[PDB]
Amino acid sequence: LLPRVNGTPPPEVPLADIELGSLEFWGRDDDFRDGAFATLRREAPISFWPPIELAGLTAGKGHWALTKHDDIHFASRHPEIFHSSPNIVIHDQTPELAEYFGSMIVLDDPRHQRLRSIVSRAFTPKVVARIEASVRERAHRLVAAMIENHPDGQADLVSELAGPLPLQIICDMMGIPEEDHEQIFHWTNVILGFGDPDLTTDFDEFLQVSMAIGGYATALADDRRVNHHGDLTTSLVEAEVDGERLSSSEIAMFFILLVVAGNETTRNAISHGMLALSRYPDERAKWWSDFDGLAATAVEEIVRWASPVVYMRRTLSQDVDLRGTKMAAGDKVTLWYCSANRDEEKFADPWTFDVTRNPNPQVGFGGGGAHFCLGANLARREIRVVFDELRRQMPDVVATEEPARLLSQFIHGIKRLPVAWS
């Protein structure tokens, strides 16, 4: 809709106008948000902010915002100081289920290392090969369904493609039958929508669906203990590292992590990638003329530009002094990947969406280290394949309206993105 010039810096946002602890700030467009973190990186690279308070329930204590690329990298490579426990968000609303929803992402070593090592062993060559074919199969069918279901040539990219694609791939690797997709999608959408303030989500309904998807996953894992199949669920019950195996409860907790951390992340990377290729058509023309050649750099820039995960929280176990800022033990620390992927000291011309950007030390998958995104390369494959099928079946697809943004501090979400093709 609105015309954009590639390489346009964000507006000058004064420091007095930045309120990271107010929900009003997170309702602004990306230009004001980018300009706010740009002012932070320049004038207050590490500052303390209160949490977002909804009038009524508790809010918790504040957090130190790390906006520089080096500070986020330093915090990611020192997990003994920046703990991932109890959780990785600013305020956990259900701390008794922190490990039930989080699985390995809320654990520290050695508990994190033992759990991740066994899960990584379950991704055998046979399981990965099925996952790769599923990415191509699902992306091809979803794009082809867009053409059939919309003879008018107009559709919403989120509901038709960017939404179901990451979750259908997760259901395929877990061996979930096609008839059970209705339950898995509904259960996941209620879980994701529970954080959305715009959608009234009943807390009692949130607990019911969280236990239902957990019971479905434990029963799915128990079924694979008797009936071997070529899915990830079977390999999860058979994987063993140093005599340690996974219980059905642990597998269910990992499945609940995937339907969130491995679902809405890739979704918003696709939507923002389509929005970037639409606002800067010279980049879509470059990639379309040499897709397999520019795919690696284009996917990496889409992740840097989108930054689907806005931040990740850490908890200090000891006192820290970085850039003259003295942070005490027990304080919360938030690693703002949205700001690090625009760091002027790390990226030349950071406001240019360049599908050929090299080098690209982007931290959209995190700053590296122990908790580095387990499905980072799978996410890269999902981004490349979905834009490959769009290039083949509807090469002129383009966004025709400004996106409907998700009101979130943790997810750079797009709720609706109208697109059109010929």
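Residues carry their position along the shown sequence, with the first being 1. Only the largest set of C-alpha atoms that superpose within 1.5 Å between the two forms is called the rigid core.
- Once the rigid core is used to overlay the structures in 4 other deposited structures of this protein, the stretch among 298-306 and 168-176 whose CA atoms lie farther from this form is 168-176.
- The stretch that moves more in 4 other deposited structures of this protein, judged by CA deviation after a rigid core superposition and choosing between 51-59 and 370-378, is 51-59.
- In this entry, the higher average B-factor at the C-alpha atoms falls on 60-68, of the pair 384-392 and 60-68.
- Averaged over CA atoms, B-factors in the entry run higher in 179-187 than in the other of 179-187 and 156-164.
- Sorting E250, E283, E300, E345 by the CA temperature factor given in the entry leaves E345 at the top.
- In the deposited coordinates, the residue among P350, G243, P308, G273 with the greatest CA B-factor is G243.
- Ranked by Cα temperature factor within the chain, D31 sits in the highest third according to the deposited record.
- Placement of the Cα temperature factor of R114 within the chain: highest third of the modelled residues, per the deposited record.
- Remark: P9 belongs to the middle third of its chain, ranked by C-alpha B-factor as recorded.
- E264: CA B factor in the lowest third of modelled residues in this chain (values from the PDB entry).
- Sort the modelled residues of the chain by CA B factor and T124 lands in the middle third.
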